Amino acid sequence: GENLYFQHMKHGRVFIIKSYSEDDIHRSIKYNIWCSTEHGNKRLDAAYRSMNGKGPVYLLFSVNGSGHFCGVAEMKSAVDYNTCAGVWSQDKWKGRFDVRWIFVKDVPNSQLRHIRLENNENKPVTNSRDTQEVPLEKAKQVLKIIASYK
C-alpha cells in the first residue's frame, strides 16, 4: 500500500520538546498545557505567531534519558508569560501555552535515530535539545514513523 499523507504539506513547523520530568508530561496530557524555558518559549511563540493559523506547530515530546519519545502535541495558543508559578515539578518555568496532544505513545529512539538534522550538525533527531527545530522534510519522516510504530 501507500501512505502519502505527510509527504504532501508545505506549511508546518515542528519542534523537539525535552522534559526532565515524567510528572510534567502527565500534567501536560491531563490539562493540555505546557511551558518551556524563557528562550524556548520565545522560540515557540515566534513560530506560532508567524504561522498565523496557516499550518500546525507540532511538538515532539521526550523525557531526558528515557530512550524514547512519548508523543506529539500541537501548539494551540501563543505564550502567556505571566501565569501562576510553581505548577510544574520545578519552579523554573514562567508562563503557559495551550497544546493539544495528538499521539500519546512510546516510540524508541532506535526507530528515529537514522533521521539527521542538517540544521543541527547532521546529528540524529533523537540527540536534540529542548525546542530544537526540525526541518519540515525531516519532520514529515519523523511523523510517519511515529504514526506507524506499533
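Heads up: residue numbers just count along the shown sequence, starting at 1. For clarity, a rigid core is taken as the largest C-alpha set superposing within 1.5 Å between two forms.
Relative to the displayed structure, the C-alphas of 10-18 lie farther away on average in 9 other deposited structures of this protein than those of the other candidate, with 124-132 and 10-18 compared after rigid core superposition. Stretches compared: 100-108, 23-31. Higher mean C-alpha B-factor in the entry: 100-108.
When the mean C-alpha temperature factors of 57-65 and 110-118 are read from the deposited coordinates, 110-118 comes out higher. The PDB entry assigns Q90 a C-alpha temperature factor belonging to the highest third of its chain's modelled residues. Residue-level temperature factors show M9 in the highest third of its chain, judged at the C-alpha atom. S36: CA B factor in the lowest third of modelled residues in this chain (values from the PDB entry).
Compared with the other modelled residues of the chain, the Cα B-factor recorded for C84 ranks in the lowest third. Sorting the modelled residues of the chain by their CA temperature factor places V125 in the lowest third.
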